[PDB]
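Asker: Just one file: start-v7.txt, with compact mmCIF, N, CA, C and O atoms.
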```
# COMPACT_ATOMS: atom_id res chain seq x y z
N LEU T 356 0.83 -1.20 0.00
CA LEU T 356 0.00 0.00 0.00
C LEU T 356 0.86 1.26 0.00
O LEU T 356 1.84 1.35 0.74
N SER T 357 0.50 2.22 -0.84
CA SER T 357 1.24 3.47 -0.97
C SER T 357 1.06 4.40 0.23
O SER T 357 0.09 4.29 0.98
N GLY T 358 2.02 5.31 0.40
CA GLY T 358 1.96 6.34 1.42
C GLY T 358 0.77 7.28 1.37
O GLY T 358 0.05 7.45 2.36
N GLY T 359 0.58 7.93 0.23
CA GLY T 359 -0.46 8.93 0.07
C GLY T 359 -1.88 8.42 0.23
O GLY T 359 -2.75 9.13 0.74
N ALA T 360 -2.12 7.19 -0.20
CA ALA T 360 -3.43 6.56 -0.06
C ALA T 360 -3.72 6.32 1.42
O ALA T 360 -4.86 6.46 1.86
N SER T 361 -2.70 5.92 2.16
CA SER T 361 -2.78 5.74 3.60
C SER T 361 -3.15 7.04 4.31
O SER T 361 -3.94 7.03 5.25
N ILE T 362 -2.57 8.15 3.87
CA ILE T 362 -2.89 9.46 4.42
C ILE T 362 -4.39 9.75 4.35
O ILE T 362 -4.98 10.24 5.31
N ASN T 363 -5.00 9.45 3.21
CA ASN T 363 -6.45 9.56 3.09
C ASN T 363 -7.15 8.72 4.16
O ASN T 363 -8.14 9.15 4.74
N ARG T 364 -6.62 7.52 4.42
CA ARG T 364 -7.17 6.65 5.47
C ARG T 364 -6.98 7.27 6.85
O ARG T 364 -7.87 7.20 7.70
N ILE T 365 -5.82 7.88 7.08
CA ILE T 365 -5.57 8.60 8.33
C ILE T 365 -6.61 9.70 8.56
O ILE T 365 -7.28 9.74 9.59
N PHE T 366 -6.75 10.57 7.57
CA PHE T 366 -7.67 11.69 7.65
C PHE T 366 -9.13 11.28 7.80
O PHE T 366 -9.83 11.79 8.67
N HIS T 367 -9.58 10.35 6.97
CA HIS T 367 -11.01 10.10 6.85
C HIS T 367 -11.47 8.77 7.44
O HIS T 367 -12.63 8.40 7.30
N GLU T 368 -10.57 8.05 8.09
CA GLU T 368 -10.97 6.81 8.73
C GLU T 368 -10.43 6.70 10.15
O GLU T 368 -11.15 6.29 11.06
N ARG T 369 -9.16 7.04 10.32
CA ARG T 369 -8.51 6.94 11.62
C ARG T 369 -8.98 8.06 12.54
O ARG T 369 -9.57 7.80 13.59
N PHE T 370 -8.70 9.30 12.14
CA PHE T 370 -9.09 10.48 12.91
C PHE T 370 -10.53 10.42 13.44
O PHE T 370 -10.73 10.59 14.64
N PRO T 371 -11.54 10.19 12.56
CA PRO T 371 -12.90 10.01 13.09
C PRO T 371 -13.00 8.96 14.18
O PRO T 371 -13.66 9.19 15.20
N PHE T 372 -12.36 7.81 13.97
CA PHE T 372 -12.45 6.69 14.89
C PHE T 372 -11.75 6.96 16.22
O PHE T 372 -12.25 6.55 17.27
N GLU T 373 -10.59 7.60 16.16
CA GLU T 373 -9.88 7.99 17.37
C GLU T 373 -10.77 8.89 18.23
O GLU T 373 -10.79 8.77 19.46
N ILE T 374 -11.50 9.78 17.57
CA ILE T 374 -12.46 10.66 18.24
C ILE T 374 -13.59 9.87 18.89
O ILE T 374 -13.85 10.03 20.08
N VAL T 375 -14.25 9.03 18.12
CA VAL T 375 -15.34 8.21 18.64
C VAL T 375 -14.93 7.41 19.88
O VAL T 375 -15.72 7.23 20.80
N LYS T 376 -13.67 6.97 19.91
CA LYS T 376 -13.17 6.10 20.97
C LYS T 376 -13.10 6.73 22.37
O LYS T 376 -13.16 6.00 23.37
N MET T 377 -13.02 8.05 22.48
CA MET T 377 -12.91 8.68 23.80
C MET T 377 -14.28 8.76 24.50
O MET T 377 -15.10 9.64 24.22
N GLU T 378 -14.51 7.82 25.41
CA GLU T 378 -15.81 7.63 26.05
C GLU T 378 -16.25 8.84 26.87
O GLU T 378 -15.45 9.44 27.59
N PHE T 379 -17.53 9.18 26.76
CA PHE T 379 -18.11 10.29 27.51
C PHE T 379 -18.25 10.01 29.01
O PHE T 379 -18.09 10.92 29.82
N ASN T 380 -18.54 8.75 29.36
CA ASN T 380 -18.80 8.36 30.75
C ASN T 380 -19.92 9.24 31.26
O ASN T 380 -19.84 9.83 32.34
N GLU T 381 -20.99 9.29 30.47
CA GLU T 381 -22.04 10.30 30.57
C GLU T 381 -22.65 10.45 31.95
O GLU T 381 -22.97 11.56 32.37
N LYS T 382 -22.85 9.33 32.65
CA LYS T 382 -23.45 9.37 33.98
C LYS T 382 -22.63 10.29 34.88
O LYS T 382 -23.18 11.08 35.64
N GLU T 383 -21.31 10.19 34.78
CA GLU T 383 -20.42 11.04 35.56
C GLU T 383 -20.37 12.44 34.94
O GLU T 383 -20.10 13.42 35.63
N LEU T 384 -20.62 12.52 33.63
CA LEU T 384 -20.69 13.80 32.93
C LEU T 384 -21.93 14.58 33.33
O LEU T 384 -21.86 15.80 33.52
N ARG T 385 -23.06 13.89 33.43
CA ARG T 385 -24.32 14.51 33.81
C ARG T 385 -24.21 15.11 35.21
O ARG T 385 -24.74 16.18 35.48
N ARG T 386 -23.52 14.39 36.11
CA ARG T 386 -23.24 14.89 37.45
C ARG T 386 -22.47 16.20 37.39
O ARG T 386 -22.77 17.14 38.12
N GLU T 387 -21.46 16.25 36.52
CA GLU T 387 -20.65 17.44 36.32
C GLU T 387 -21.52 18.61 35.90
O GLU T 387 -21.37 19.72 36.39
N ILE T 388 -22.44 18.35 34.98
CA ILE T 388 -23.34 19.38 34.48
C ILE T 388 -24.27 19.92 35.57
O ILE T 388 -24.39 21.13 35.74
N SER T 389 -24.92 19.01 36.29
CA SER T 389 -25.83 19.40 37.37
C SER T 389 -25.11 20.24 38.42
O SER T 389 -25.64 21.24 38.89
N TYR T 390 -23.90 19.82 38.78
CA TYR T 390 -23.06 20.59 39.69
C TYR T 390 -22.76 21.95 39.08
O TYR T 390 -22.70 22.96 39.78
N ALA T 391 -22.55 21.97 37.77
CA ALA T 391 -22.20 23.21 37.07
C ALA T 391 -23.33 24.24 37.08
O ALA T 391 -23.07 25.42 37.26
N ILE T 392 -24.57 23.79 36.91
CA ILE T 392 -25.71 24.72 36.86
C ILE T 392 -26.03 25.27 38.24
O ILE T 392 -26.48 26.41 38.36
N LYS T 393 -25.81 24.47 39.27
CA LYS T 393 -26.00 24.93 40.64
C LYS T 393 -24.94 25.95 41.04
O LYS T 393 -25.19 26.80 41.90
N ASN T 394 -23.77 25.88 40.42
CA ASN T 394 -22.67 26.76 40.78
C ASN T 394 -22.74 28.13 40.11
O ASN T 394 -22.34 29.12 40.71
N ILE T 395 -23.24 28.19 38.88
CA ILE T 395 -23.47 29.47 38.21
C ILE T 395 -24.56 30.25 38.94
O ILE T 395 -24.42 31.44 39.23
N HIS T 396 -25.66 29.55 39.21
CA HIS T 396 -26.76 30.13 39.96
C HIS T 396 -26.25 30.54 41.34
O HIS T 396 -25.97 31.71 41.55
N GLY T 397 -26.12 29.55 42.23
CA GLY T 397 -25.62 29.70 43.59
C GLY T 397 -25.41 31.09 44.18
O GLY T 397 -24.51 31.80 43.73
N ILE T 398 -26.22 31.41 45.20
CA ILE T 398 -26.39 32.74 45.84
C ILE T 398 -27.42 33.56 45.09
O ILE T 398 -27.92 34.55 45.60
N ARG T 399 -27.73 33.15 43.87
CA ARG T 399 -28.89 33.67 43.17
C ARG T 399 -29.90 32.53 43.15
O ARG T 399 -29.65 31.49 43.74
N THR T 400 -31.03 32.72 42.49
CA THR T 400 -32.06 31.69 42.54
C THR T 400 -32.78 31.46 41.22
O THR T 400 -33.03 32.39 40.45
N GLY T 401 -33.08 30.19 40.96
CA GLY T 401 -34.02 29.77 39.94
C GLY T 401 -33.95 30.36 38.54
O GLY T 401 -32.87 30.64 38.02
N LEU T 402 -35.12 30.53 37.94
CA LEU T 402 -35.28 30.94 36.55
C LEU T 402 -34.45 32.17 36.17
O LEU T 402 -34.33 33.11 36.96
N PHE T 403 -33.87 32.15 34.97
CA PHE T 403 -34.00 31.01 34.07
C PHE T 403 -32.73 30.16 34.09
O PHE T 403 -31.81 30.44 34.85
N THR N 404 -32.72 32.65 28.27
CA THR N 404 -33.03 34.05 28.57
C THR N 404 -32.25 34.53 29.80
O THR N 404 -32.15 33.81 30.81
N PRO N 405 -31.69 35.75 29.73
CA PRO N 405 -30.83 36.33 30.76
C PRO N 405 -31.50 36.41 32.12
O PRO N 405 -32.43 37.19 32.31
N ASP N 406 -31.04 35.57 33.04
CA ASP N 406 -31.52 35.56 34.42
C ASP N 406 -31.30 36.94 35.04
O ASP N 406 -32.14 37.46 35.76
N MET N 407 -30.16 37.54 34.72
CA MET N 407 -29.73 38.81 35.30
C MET N 407 -30.49 40.02 34.76
O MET N 407 -30.55 41.06 35.41
N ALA N 408 -31.04 39.90 33.55
CA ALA N 408 -31.83 40.99 32.99
C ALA N 408 -33.09 41.22 33.81
O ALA N 408 -33.49 42.37 34.01
N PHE N 409 -33.72 40.14 34.26
CA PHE N 409 -34.90 40.24 35.12
C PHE N 409 -34.57 41.04 36.38
O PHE N 409 -35.21 42.04 36.68
N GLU N 410 -33.55 40.57 37.09
CA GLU N 410 -33.05 41.23 38.29
C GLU N 410 -32.73 42.70 38.07
O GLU N 410 -33.05 43.55 38.89
N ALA N 411 -32.09 42.99 36.94
CA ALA N 411 -31.70 44.35 36.57
C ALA N 411 -32.89 45.30 36.56
O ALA N 411 -32.81 46.41 37.07
N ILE N 412 -33.98 44.87 35.93
CA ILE N 412 -35.17 45.70 35.80
C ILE N 412 -35.88 45.88 37.14
O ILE N 412 -36.28 46.99 37.49
N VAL N 413 -36.01 44.80 37.89
CA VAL N 413 -36.65 44.84 39.21
C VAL N 413 -35.95 45.81 40.15
O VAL N 413 -36.60 46.67 40.74
N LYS N 414 -34.63 45.68 40.27
CA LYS N 414 -33.84 46.55 41.13
C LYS N 414 -34.10 48.02 40.82
O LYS N 414 -34.11 48.85 41.72
N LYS N 415 -34.32 48.34 39.54
CA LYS N 415 -34.74 49.68 39.14
C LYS N 415 -36.05 50.08 39.81
O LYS N 415 -36.15 51.16 40.39
N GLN N 416 -37.07 49.24 39.66
CA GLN N 416 -38.39 49.48 40.25
C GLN N 416 -38.42 49.58 41.78
O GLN N 416 -39.13 50.43 42.32
N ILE N 417 -37.67 48.73 42.47
CA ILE N 417 -37.67 48.74 43.93
C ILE N 417 -37.12 50.05 44.47
O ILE N 417 -37.71 50.65 45.37
N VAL N 418 -36.02 50.52 43.88
CA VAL N 418 -35.43 51.81 44.23
C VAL N 418 -36.46 52.95 44.18
O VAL N 418 -36.37 53.92 44.94
N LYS N 419 -37.48 52.81 43.35
CA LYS N 419 -38.44 53.89 43.17
C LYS N 419 -39.40 54.02 44.36
O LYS N 419 -40.21 54.94 44.41
N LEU N 420 -39.29 53.13 45.34
CA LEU N 420 -40.15 53.19 46.51
C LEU N 420 -39.58 54.07 47.61
O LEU N 420 -40.19 54.22 48.66
N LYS N 421 -38.41 54.64 47.38
CA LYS N 421 -37.78 55.49 48.38
C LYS N 421 -38.53 56.81 48.52
O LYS N 421 -38.72 57.32 49.62
N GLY N 422 -38.96 57.36 47.38
CA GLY N 422 -39.70 58.60 47.37
C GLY N 422 -40.96 58.58 48.22
O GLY N 422 -41.01 59.25 49.25
N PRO N 423 -41.97 57.79 47.81
CA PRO N 423 -43.23 57.71 48.56
C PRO N 423 -43.05 57.21 49.99
O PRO N 423 -43.93 57.43 50.82
N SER N 424 -41.94 56.55 50.27
CA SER N 424 -41.74 56.00 51.60
C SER N 424 -41.21 57.09 52.54
O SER N 424 -41.70 57.25 53.66
N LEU N 425 -40.22 57.85 52.08
CA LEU N 425 -39.72 59.00 52.83
C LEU N 425 -40.82 60.04 53.02
O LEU N 425 -40.92 60.65 54.08
N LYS N 426 -41.61 60.26 51.97
CA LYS N 426 -42.73 61.18 52.03
C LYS N 426 -43.66 60.80 53.17
O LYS N 426 -44.11 61.66 53.94
N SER N 427 -43.94 59.50 53.28
CA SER N 427 -44.80 58.97 54.32
C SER N 427 -44.32 59.35 55.73
O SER N 427 -45.09 59.81 56.56
N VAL N 428 -43.02 59.17 55.97
CA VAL N 428 -42.43 59.56 57.24
C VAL N 428 -42.67 61.04 57.54
O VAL N 428 -42.99 61.40 58.67
N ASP N 429 -42.55 61.88 56.52
CA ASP N 429 -42.79 63.31 56.70
C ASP N 429 -44.24 63.59 57.05
O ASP N 429 -44.52 64.34 57.99
N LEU N 430 -45.16 62.99 56.30
CA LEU N 430 -46.59 63.11 56.60
C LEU N 430 -46.94 62.68 58.02
O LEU N 430 -47.92 63.15 58.60
N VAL N 431 -46.13 61.79 58.60
CA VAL N 431 -46.34 61.33 59.96
C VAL N 431 -45.76 62.35 60.92
O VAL N 431 -46.38 62.70 61.93
N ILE N 432 -44.57 62.85 60.59
CA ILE N 432 -43.92 63.90 61.37
C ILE N 432 -44.80 65.14 61.46
O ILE N 432 -44.85 65.82 62.50
N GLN N 433 -45.51 65.42 60.38
CA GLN N 433 -46.39 66.58 60.31
C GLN N 433 -47.54 66.41 61.30
O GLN N 433 -47.79 67.29 62.11
N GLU N 434 -48.22 65.27 61.24
CA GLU N 434 -49.32 64.99 62.16
C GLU N 434 -48.84 64.90 63.60
O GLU N 434 -49.58 65.25 64.52
N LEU N 435 -47.62 64.43 63.81
CA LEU N 435 -47.10 64.32 65.16
C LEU N 435 -46.80 65.69 65.76
O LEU N 435 -47.17 65.98 66.90
N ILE N 436 -46.15 66.55 64.98
CA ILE N 436 -45.80 67.89 65.45
C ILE N 436 -47.06 68.75 65.62
O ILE N 436 -47.11 69.59 66.52
N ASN N 437 -48.05 68.57 64.76
CA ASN N 437 -49.36 69.20 64.95
C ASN N 437 -50.03 68.81 66.26
O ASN N 437 -50.66 69.64 66.91
N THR N 438 -49.90 67.55 66.64
CA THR N 438 -50.59 67.04 67.82
C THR N 438 -49.97 67.56 69.12
O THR N 438 -50.70 67.96 70.03
N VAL N 439 -48.65 67.58 69.20
CA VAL N 439 -47.99 68.14 70.38
C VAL N 439 -48.34 69.62 70.54
O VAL N 439 -48.40 70.14 71.65
N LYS N 440 -48.58 70.30 69.41
CA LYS N 440 -48.95 71.70 69.44
C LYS N 440 -50.41 71.86 69.81
O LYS N 440 -50.80 72.86 70.41
N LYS N 441 -51.23 70.86 69.47
CA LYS N 441 -52.63 70.87 69.84
C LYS N 441 -52.78 70.69 71.35
O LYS N 441 -53.47 71.47 72.02
N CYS N 442 -52.14 69.65 71.88
CA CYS N 442 -52.14 69.38 73.32
C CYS N 442 -51.64 70.55 74.17
O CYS N 442 -52.17 70.80 75.25
N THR N 443 -50.62 71.26 73.69
CA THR N 443 -49.98 72.29 74.51
C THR N 443 -50.73 73.63 74.54
O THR N 443 -50.23 74.62 75.07
N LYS N 444 -51.93 73.66 73.97
CA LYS N 444 -52.78 74.84 74.10
C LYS N 444 -53.45 74.82 75.47
O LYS N 444 -53.90 75.85 75.98
N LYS N 445 -53.52 73.63 76.07
CA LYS N 445 -54.03 73.44 77.42
C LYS N 445 -53.00 73.89 78.46
O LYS N 445 -53.29 73.97 79.65
N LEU N 446 -51.79 74.18 77.99
CA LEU N 446 -50.72 74.64 78.88
C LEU N 446 -50.28 76.06 78.51
O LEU N 446 -49.26 76.55 79.00
N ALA N 447 -51.07 76.71 77.66
CA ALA N 447 -50.77 78.06 77.18
C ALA N 447 -50.70 79.12 78.28
O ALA N 447 -50.00 80.12 78.13
N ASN N 448 -51.42 78.90 79.38
CA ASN N 448 -51.40 79.83 80.51
C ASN N 448 -49.99 80.06 81.07
O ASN N 448 -49.74 81.08 81.71
N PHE N 449 -49.09 79.12 80.81
CA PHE N 449 -47.69 79.27 81.17
C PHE N 449 -46.83 79.36 79.91
O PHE N 449 -46.44 78.33 79.35
N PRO N 450 -46.52 80.59 79.47
CA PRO N 450 -45.81 80.89 78.23
C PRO N 450 -44.43 80.23 78.11
O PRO N 450 -44.13 79.66 77.07
N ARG N 451 -43.61 80.33 79.16
CA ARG N 451 -42.27 79.76 79.11
C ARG N 451 -42.28 78.23 79.10
O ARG N 451 -41.42 77.60 78.50
N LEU N 452 -43.25 77.63 79.79
CA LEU N 452 -43.37 76.17 79.82
C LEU N 452 -43.81 75.60 78.47
O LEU N 452 -43.17 74.70 77.94
N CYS N 453 -44.92 76.12 77.94
CA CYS N 453 -45.42 75.68 76.63
C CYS N 453 -44.33 75.82 75.57
O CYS N 453 -44.13 74.93 74.75
```
Before we go any further, please render this structure as C-alpha cells.
Answerer:
Amino acid sequence: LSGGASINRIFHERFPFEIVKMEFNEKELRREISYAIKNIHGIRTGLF
Amino acid sequence: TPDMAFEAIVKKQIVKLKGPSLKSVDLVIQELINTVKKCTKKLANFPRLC
C-alpha cells in the first residue's frame, strides 16, 4: 500500500475513529453538568 | 433568557419606593408635630413652659 493513499485513510478513517473512541462516561458527565448549573446560579435563585 | 436581565429591571423598580416612603415619614412627622402643638394649648397659661 502506498503512502499517500494511507494518508487519506488517516484523515477520513482513523481520525474520526480515534475521536469516537474517547468515552463520555455520561453518567459522571451529567453529574458534572448538574453541579455546574447549581454553581453558576448559587447565591442567586431559579429561573432562568 | 438572561436571568440577570430580570433582576436588573426589578432593582430599578424597587429603588423607586424610596420617594413615597420618605414622604410617608414626613406626613407622619407633620401629624405628630401638629398634635404636640394641639395638646400644649391646654398649657398656654404658662408661656415659658409651653
Asker: Please return, as a compact mmCIF listing (two decimals) with N, CA, C and O atoms, in the frame of the given file, all residues of chain T lying within 7 Å of chain N when only N, CA, C and O atoms are considered.
Answerer:
```
# COMPACT_ATOMS: atom_id res chain seq x y z
N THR T 400 -31.03 32.72 42.49
CA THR T 400 -32.06 31.69 42.54
C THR T 400 -32.78 31.46 41.22
O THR T 400 -33.03 32.39 40.45
N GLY T 401 -33.08 30.19 40.96
CA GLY T 401 -34.02 29.77 39.94
C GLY T 401 -33.95 30.36 38.54
O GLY T 401 -32.87 30.64 38.02
N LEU T 402 -35.12 30.53 37.94
CA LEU T 402 -35.28 30.94 36.55
C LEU T 402 -34.45 32.17 36.17
O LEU T 402 -34.33 33.11 36.96
N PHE T 403 -33.87 32.15 34.97
CA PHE T 403 -34.00 31.01 34.07
C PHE T 403 -32.73 30.16 34.09
O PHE T 403 -31.81 30.44 34.85
```
Asker: One decimal, in Å: what's the spacing between CA of residue 356 in chain T and CA of residue 369 in chain T?
Answerer: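 These two atoms are separated by 16.0 Å.
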Asker: Quick one: pick out all helix (DSSP H, G or I) residues within chain N from a backbone DSSP run and write them as a ChimeraX atom specification.
Answerer: /N:406-418,421-442
